[PDB]
Amino acid sequence: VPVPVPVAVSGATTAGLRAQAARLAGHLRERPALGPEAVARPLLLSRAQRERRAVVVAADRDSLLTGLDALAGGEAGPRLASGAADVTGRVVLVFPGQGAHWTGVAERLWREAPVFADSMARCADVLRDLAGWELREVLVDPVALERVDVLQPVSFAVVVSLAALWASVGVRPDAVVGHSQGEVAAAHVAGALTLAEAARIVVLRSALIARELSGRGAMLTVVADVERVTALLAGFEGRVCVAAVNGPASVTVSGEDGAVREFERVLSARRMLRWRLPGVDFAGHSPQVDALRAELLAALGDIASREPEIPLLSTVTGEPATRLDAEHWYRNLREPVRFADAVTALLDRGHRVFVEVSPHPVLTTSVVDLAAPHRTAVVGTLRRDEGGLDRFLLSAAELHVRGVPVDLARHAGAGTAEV
């Protein structure tokens, strides 16, 4: 099985970029034995990366030529990224909470990317010690993944390991933000928690949720702003509450299933878009969480933590995080998620590059909404049913084409074939 490489072309203008694509395709067609793995390294290391950039992520000739022909003709393609190389500013890794995971994600990438494989095995060790079960087995088990005590720790492992893979291609956060359980992954990646201690928090909290809350609630994201949602929650006081404010067109609510179904009728009649959060059978960030406080604080006890080596913008407060103690990790579950606030605080401090470290993008559209009118690059990592190194590289390419530093050459192979 051939391995995907990022094949980069650029020009000073979009027309020059398109002509360069045509030229390369022509050169490949004149040389039938020449593959993407022969040409990719010199196209990155021996050519100027100009103002208008593209990458085709391809493992073979035919797929490269398909990408290049699309690019030459000004069309989109599924493994073609292109852009203006005009983004500057600091880099944020965003860690999602619920609703991004898809069954079977991470297995293919474990096979394909040794850095990700390594991180996942390091996670597996810590989770074996804690939860008993074997991370790699559970990745492909749709029945186990509907259990909150399995899903949350698996989800944590996958996003931490994706962050390691980003780091291996030179994409390191200047700041991090984690939504809901993402905050624990963010804290670890920022150096405030060991892998072991972060894992312990996710494992103990998720198991408590599964014992006490699973089956008693639901969560719903709505395409609307918080003012609008709050107005529509008139008469739902103490039944359905605001659980997250993600942006101007994304607010999540929480409560008992029946009560949330009543609220969905309110939204439906009014032609508003909404969906249940996948993987979530509990009323997160609601008064239902009060009953869990005492057992959670006892289970967690004293948290071993240190000062984050880079800023961690909490979604508990919308501000740089203070003590990451047991009380903080309770509030991370009880209190509404201030995701919009956190992202806004980062935009106001010169952050312009946001990398959602997730199996499928769930918060990128909010980051894009919040970032306007600033010049920004916002990307995810994987997508539903696209869990290969090829998809990871396309996301890295999406940063490269906007002028963000990323070491695509790490995965470009050992080609010496020129022009």
# chains A, B, ... in the order shown; residues from 1 in each chain; ligands from 1

call {"tool": "residues_around", "arguments": {"residues": "region 47-64 of chain A", "least_positions_apart": "6", "cutoff": "7 Å", "atoms": "only C-alpha atoms", "output": "PyMOL selection string"}}
result
chain A and resi 2-14+17+35-36+79-85+390+393-394+397+401

call {"tool": "write_last_selection", "arguments": {"atoms": "C-alpha atoms", "output": "short mmCIF file (atom, residue, chain, number, x, y, z; two decimals), in the first residue's frame"}}
result
data_model
loop_
_atom_site.label_atom_id
_atom_site.label_comp_id
_atom_site.auth_asym_id
_atom_site.auth_seq_id
_atom_site.Cartn_x
_atom_site.Cartn_y
_atom_site.Cartn_z
CA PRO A 2 1.55 3.32 -1.06
CA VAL A 3 1.87 6.09 1.52
CA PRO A 4 0.38 9.57 1.01
CA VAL A 5 2.68 12.51 0.48
CA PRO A 6 1.92 16.24 0.31
CA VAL A 7 2.79 17.54 -3.20
CA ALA A 8 3.12 21.31 -3.02
CA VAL A 9 2.91 23.92 -5.83
CA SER A 10 2.66 27.69 -5.66
CA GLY A 11 2.66 30.93 -7.61
CA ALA A 12 2.66 34.67 -7.06
CA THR A 13 -0.98 34.71 -8.29
CA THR A 14 -3.83 32.22 -8.58
CA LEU A 17 -0.56 28.65 -9.26
CA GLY A 35 5.43 8.96 -8.62
CA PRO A 36 4.39 11.58 -6.01
CA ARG A 79 -7.41 15.86 -1.45
CA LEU A 80 -6.58 19.33 -2.75
CA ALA A 81 -6.03 22.26 -0.42
CA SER A 82 -5.33 25.78 -1.74
CA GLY A 83 -5.22 29.24 -0.33
CA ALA A 84 -3.63 32.63 0.10
CA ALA A 85 -0.47 32.54 2.17
CA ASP A 390 -4.00 11.25 4.21
CA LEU A 393 -1.92 15.62 5.99
CA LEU A 394 -4.69 17.44 4.18
CA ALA A 397 -1.81 21.32 4.14
CA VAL A 401 -1.48 27.04 2.12
#

call {"tool": "select_by_dssp", "arguments": {"residues": "region 223-371 of chain A", "states": "strand (DSSP E or B)", "output": "MDAnalysis selection string"}}
result
chainID A and resid 240:247 250:255 274:276 312:313 320 337 351:356

call {"tool": "select_by_dssp", "arguments": {"residues": "region 51-145 of chain A", "states": "alpha helix (DSSP H)", "output": "PyMOL selection string"}}
result
chain A and resi 61-72+107-112+114-131+135-138

call {"tool": "residues_around", "arguments": {"residues": "residue 290 (chain A)", "least_positions_apart": "3", "cutoff": "12 Å", "atoms": "only C-alpha atoms", "output": "JSON, numbers by chain"}}
result
{"A": [209, 212, 213, 283, 284, 285, 286, 287, 293, 294, 295, 296, 297, 330, 331, 333, 334, 335]}

call {"tool": "atom_distance", "arguments": {"atom1": "CA of residue 68 (chain A)", "atom2": "CA of residue 20 (chain A)"}}
result
9.1 Å

call {"tool": "atom_distance", "arguments": {"atom1": "CA of residue 127 (chain A)", "atom2": "CA of residue 154 (chain A)"}}
result
8.8 Å

call {"tool": "atom_distance", "arguments": {"atom1": "CA of residue 185 (chain A)", "atom2": "CA of residue 90 (chain A)"}}
result
19.9 Å

call {"tool": "closest_residue", "arguments": {"among": "A:344, A:88, A:232, A:382", "to": "residue 158 (chain A)", "atoms": "only C-alpha atoms"}}
result
A:382

call {"tool": "closest_residue", "arguments": {"among": "A:242, A:87, A:167, A:371", "to": "residue 349 (chain A)", "atoms": "only C-alpha atoms"}}
result
A:371

call {"tool": "residues_around", "arguments": {"residues": "region 135-146 of chain A", "least_positions_apart": "6", "cutoff": "6 Å", "atoms": "only C-alpha atoms", "output": "list in words"}}
result
residues 103, 104, 124 and 279 of chain A

call {"tool": "write_last_selection", "arguments": {"atoms": "C-alpha atoms", "output": "JSON list (two decimals), in the first residue's frame"}}
result
[["chain", "number", "residue", "atom", "x", "y", "z"],
["A", 103, "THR", "CA", -16.79, 4.65, 15.80],
["A", 104, "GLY", "CA", -13.61, 3.25, 14.32],
["A", 124, "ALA", "CA", -3.47, 2.57, 26.54],
["A", 279, "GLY", "CA", -22.69, 9.87, 22.75]]

call {"tool": "residues_around", "arguments": {"residues": "residue 72 (chain A)", "least_positions_apart": "4", "cutoff": "10 Å", "atoms": "only C-alpha atoms", "output": "PyMOL selection string"}}
result
chain A and resi 14-25+67-68

call {"tool": "closest_residue", "arguments": {"among": "A:215, A:399, A:29, A:376", "to": "residue 282 (chain A)", "atoms": "only C-alpha atoms"}}
result
A:215

call {"tool": "closest_residue", "arguments": {"among": "A:301, A:387, A:350, A:311", "to": "residue 327 (chain A)", "atoms": "only C-alpha atoms"}}
result
A:301

call {"tool": "residues_around", "arguments": {"residues": "residue 95 (chain A)", "least_positions_apart": "4", "cutoff": "6 Å", "atoms": "only C-alpha atoms", "output": "ChimeraX atom specification"}}
result
/A:178,182,357

call {"tool": "write_last_selection", "arguments": {"atoms": "N, CA and C atoms", "output": "mmCIF file, in the first residue's frame"}}
result
data_model
loop_
_atom_site.group_PDB
_atom_site.id
_atom_site.type_symbol
_atom_site.label_atom_id
_atom_site.label_comp_id
_atom_site.auth_asym_id
_atom_site.auth_seq_id
_atom_site.Cartn_x
_atom_site.Cartn_y
_atom_site.Cartn_z
ATOM 1 N N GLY A 178 -10.065 24.050 25.818
ATOM 2 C CA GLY A 178 -10.806 22.799 25.771
ATOM 3 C C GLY A 178 -12.252 22.997 26.199
ATOM 4 N N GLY A 182 -12.860 18.322 26.979
ATOM 5 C CA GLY A 182 -11.663 18.799 26.271
ATOM 6 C C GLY A 182 -10.721 19.594 27.166
ATOM 7 N N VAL A 357 -8.519 19.805 17.359
ATOM 8 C CA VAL A 357 -7.832 18.538 17.492
ATOM 9 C C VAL A 357 -8.863 17.456 17.746
#

call {"tool": "residues_around", "arguments": {"residues": "region 247-253 of chain A", "least_positions_apart": "2", "cutoff": "6 Å", "atoms": "only C-alpha atoms", "output": "list in words"}}
result
residues 219, 220, 221, 222, 223, 224, 225, 241, 242, 243, 244, 245, 340 and 366 of chain A

call {"tool": "closest_residue", "arguments": {"among": "A:231, A:177, A:91, A:189", "to": "residue 317 (chain A)", "atoms": "only C-alpha atoms"}}
result
A:177
